[PDB]
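Data block below; observations after.
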Amino acid sequence: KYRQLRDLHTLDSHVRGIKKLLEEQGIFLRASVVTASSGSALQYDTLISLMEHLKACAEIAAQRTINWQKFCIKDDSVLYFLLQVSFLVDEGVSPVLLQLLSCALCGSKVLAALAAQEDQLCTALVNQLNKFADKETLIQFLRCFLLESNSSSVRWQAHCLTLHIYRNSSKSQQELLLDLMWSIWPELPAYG
């Protein structure tokens, strides 16, 4: 129990800090949507203070994934918030956000195999993310992390994350996701 209390409190505090930091620069999460008032990019100090929190969260989620999954179940506005904020932050931080999403959704043993109760938690988290996320945000995620990214590791992470989001969904959401991908397809020549 002791490890669970420590981990839950630490992750809670880190999310409060991240939300306060983003609020300081005009990034507002009202009900479930993240809105930006200023089109100017963030500064180095803000990025480093974000990265320390996200690195702590990534380490704790990678060591003991169950507590992180339990957190994301308890607080329903965490995974979608990270997905939304991954659009506003430069390419230097996106790997850690994708790692957090992958640990929450793809699972721990799957990532361990790639390195060569959790199933129900993964299913529930995937259903929650499907419920919150709309079609435009999914389209933006696919376009931004599978086509526009110059790094190949980020593209592979997006590949795995999309695959495991597809695997754990229901039939109607699978059809919706396939239609989204097939509508993206005609824009292929722009990415080579």
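In the structure tokens, each chain is lettered A, B, ... as it comes, each chain's residues begin at 1, and ligands are numbered from 1 in order of appearance.
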Find the residues around residue 102 in chain A up to 12 Å (only C-alpha atoms counted), leave out those fewer than 4 positions away in its own chain, and share them as a ChimeraX atom specification.
/A:58,61-62,65,68-69,79,82-83,95-98,106-112,114,122,125-126,154,156-165
Which residues, written as a count of residues only, have at least one atom at most 12 Å from residue 190 in chain A, with only C-alpha atoms counted and residues fewer than 4 positions away on the same chain left out?
6
Within 10 Å of range 50-57 of chain A, counting only C-alpha atoms, which residues qualify if same-chain residues fewer than 3 places away don't, as an MDAnalysis selection string?
chainID A and resid 7 10:15 17:19 21:22 44:47 60:62 68 89 92:93 96:97 100
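Between CA of residue 29 in chain A and CA of residue 104 in chain A there is a distance of 20.8 Å.
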